[PDB]
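Next come structure tokens for two forms of one protein chain, structure 1 first, structure 2 second.
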Structure 1
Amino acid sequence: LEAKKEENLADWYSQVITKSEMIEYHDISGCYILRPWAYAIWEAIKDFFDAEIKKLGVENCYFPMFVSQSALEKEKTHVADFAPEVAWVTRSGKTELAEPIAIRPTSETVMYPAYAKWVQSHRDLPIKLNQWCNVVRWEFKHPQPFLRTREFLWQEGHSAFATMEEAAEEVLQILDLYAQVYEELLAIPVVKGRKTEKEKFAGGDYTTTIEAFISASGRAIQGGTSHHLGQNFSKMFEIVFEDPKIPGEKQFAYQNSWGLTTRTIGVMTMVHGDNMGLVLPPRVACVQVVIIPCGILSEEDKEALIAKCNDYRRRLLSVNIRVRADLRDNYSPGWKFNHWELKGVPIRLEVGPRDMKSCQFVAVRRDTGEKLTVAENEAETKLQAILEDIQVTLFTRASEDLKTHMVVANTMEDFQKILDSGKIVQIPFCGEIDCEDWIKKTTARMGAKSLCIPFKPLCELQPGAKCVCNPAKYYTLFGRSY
């Protein structure tokens, strides 16, 4: 690592994702290779979330990636301002297709016809389907590894209910899981909220969301989305059942949708990354402890030193710690120290010849850099403890960081001043789409958009407070954003 995250952020991010062997660049703009080090993180997220949504009775499936032209255009499913982001297959070989086919940017236009056919009575609900898949969006904003990629991996759930009550409970549940992904797995604090009228999904009833902060940018980022669609989509797609006991009334399903993507890993990179490279939260690190042999001596002695490392590897596996023994002959220990530091492994387990005679080892934590001499017998207890402290340390630093950088303002005067200090701001807001668009352009004279209306703002709106606009309806979190 040569750039420094506080001075050039773009270079520092580029250098940490590549030198950590997370990302390889591709020759299609906005597309990046996910090497095993980064993909393992995604798998951890995947393993957690998936387990959690199965408890809620969701089931995993897979729907076509191809969207016919008439299907995607059939309903008012998305505003006509998304259409330029849609990538069209137009020929196979050099043989032009009779009609062009779209690559899935989201799956409503492909599963909601299937839901319509599956729902023929109250018995057919609820429908709870989820797919892990790739998604393409020909983004016009600046593409960045894992923040905004023209192809990305994600999970979308689409659900269909007989009553609004059940729909509403799942929206908040799913949002809580996303918040758990970010806070307990990646050690990133987030702010739950509801999107404004401007920033909501146009075709739903209301959009909930988690927002994350990246101090080094001063910018927020949407970490996940959970819509309640009401019946706006069931009416479009005719997802209807007819209650026998309520003759003469159609029952349109109440629907939700929700998504989360590999953008998570980018956030983790920019929140916990330091000027020595990646910093993995133990919760998601595929290697929690790397064992490195030091001090190279007889051949039998050398084999004995390797034996001790692999003994440590076996003890640690037995207590469900993910451990790698870097026993490679071809690199020096110093080289391995730097290598696994760039990769961001939580703990390096250092063991030399005079330590195995001494019945001790060295632990170095990636976050603090503090060295520790630990008795050999107390390895499981001490290394488990240290992993739990790194996670709580990483979440604490970022929590204390988010507290610091998110403050309340009631004047656009202060709001403009605080915003330019690289902070995000909860202001009294009139909700109007115009007032939001005035704030956005005035904050450039890099404008400020709305992030979320917090479910639990910092400060309660004093009755009859006016918007910074119209009276204020709710405190709204505003800021510059990714």
Structure 2
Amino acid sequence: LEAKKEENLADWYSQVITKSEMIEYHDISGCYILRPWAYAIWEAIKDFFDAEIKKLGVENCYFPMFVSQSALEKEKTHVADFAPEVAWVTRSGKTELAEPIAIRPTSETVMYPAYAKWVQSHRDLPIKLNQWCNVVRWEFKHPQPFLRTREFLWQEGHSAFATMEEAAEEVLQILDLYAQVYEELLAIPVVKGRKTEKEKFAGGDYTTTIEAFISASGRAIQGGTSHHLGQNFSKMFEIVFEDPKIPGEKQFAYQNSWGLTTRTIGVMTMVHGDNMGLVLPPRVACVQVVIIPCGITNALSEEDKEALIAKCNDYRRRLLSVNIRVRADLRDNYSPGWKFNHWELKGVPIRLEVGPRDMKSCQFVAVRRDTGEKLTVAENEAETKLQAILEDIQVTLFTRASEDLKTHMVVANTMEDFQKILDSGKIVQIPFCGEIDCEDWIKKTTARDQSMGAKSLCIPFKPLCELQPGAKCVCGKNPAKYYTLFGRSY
């Protein structure tokens, strides 16, 4: 690895995601190839998330990519926000078609007409559907793999309930899943909160969110969102039903929508990556343990070259037996030192070294990718020891990133202190009146004092400090409603 994370981070990132074989550049801007090492992490995330929503009654399905201009517009507020980023199909071959059709940037307006068709009684609610698919949002701002791409993969869940309590409860369940994905799987700590009025989802009443902190570039980033759409879409799309116990009067369904994307893998890379390359939390790596024959003195023995391979495979088969995702790298075209480096660049949690000298003592070497720490392990304790190290690595990664968060998110009560803290490369919980104007102000202001301006991240469900009765927002003007998390951002 050439660049250093601490110097040219954009160079460091572009190298780590290519030399770990995660990404490959396309000939169309802001479009990126997910090579298997990357796609496997997504599949791990998908495997977790999918089994969870299934438990909540959600079912998978698949809706068309194309949305007609009529349907796209039915919720004027929603379509306003997405309209410029929407790509439009115009011709098939040479035939310009009888209409411009839109590629989904999101699927509210593809799915919701059909929700109307499907809801005819109170019996037909709830409706809970999720789909894994690609969407397109065409922004010309300079793109970055995973973090900011023109096409990307995600899931989107869309639910519809008779009541609002039901819908309410789903929003927070989903956001807890998303929090788990970040914290249990990717070993990344997040802050759960509510988006501000400025920031919330176009259409719908409230947006909850989880935010993570990329200490390297000092910015924070949004990991996943869970929206309460209320009746906003319900009324534009005619998703209606007769309440049985309040007859004659028509009802509108309450609606949620929620999403998580491949940006997860980018956040994973930025938080955990080394000057030595990628590092993978055991819960998501394609391979957790790589077995490497080493100490082979070129031209020595062929009966021994065979006993060595046999030992490597004894290990693999035993690790497979206790559900460790293990690969034995037995290739003879590459040096042991080359293999050591290859799998380090790729971030495999544990490198397992088998050499003749070690075999003689009926034993081997386990090497942790996070700390670089070597441990000699007895051959008969191989399963239990490697389990324990993997899970210790999962823990270590998360606590390191935890403590990193805890010292880069601090409360600052005045616009003076909030500007110095924000410039030290941090994120801050300020007292905030909650107004759209005041928020637009802080953005311009913080970009003037000391090269972008801070944004609202979220209003933390569990904020650092209890906001005191006599408390002014950092604009002076209005008093403060709630401690609100602010910082520079992706």
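Along the sequence of structure 1, residues get numbers from 1 upward. Just so we're on the same page, rigid core means the largest C-alpha set that superposes within 1.5 Å between forms.
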> Which residue moves between structures 1 and 2, judged by a Cα shift of 2 Å or more on the rigid core: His142, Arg328, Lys403, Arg91?
Replying inline: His142
>> Could you tell me the distance the CA of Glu242 travels between structures 1 and 2 after a rigid core superposition, in angstrom?
In response: 0.4
> So, with the core fitted, how far does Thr77 move at its Cα between structures 1 and 2, in angstrom?
Replying inline: 5.1
> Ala202: how far does its C-alpha move between structures 1 and 2, core aligned, in angstrom?
Replying inline: 2.6
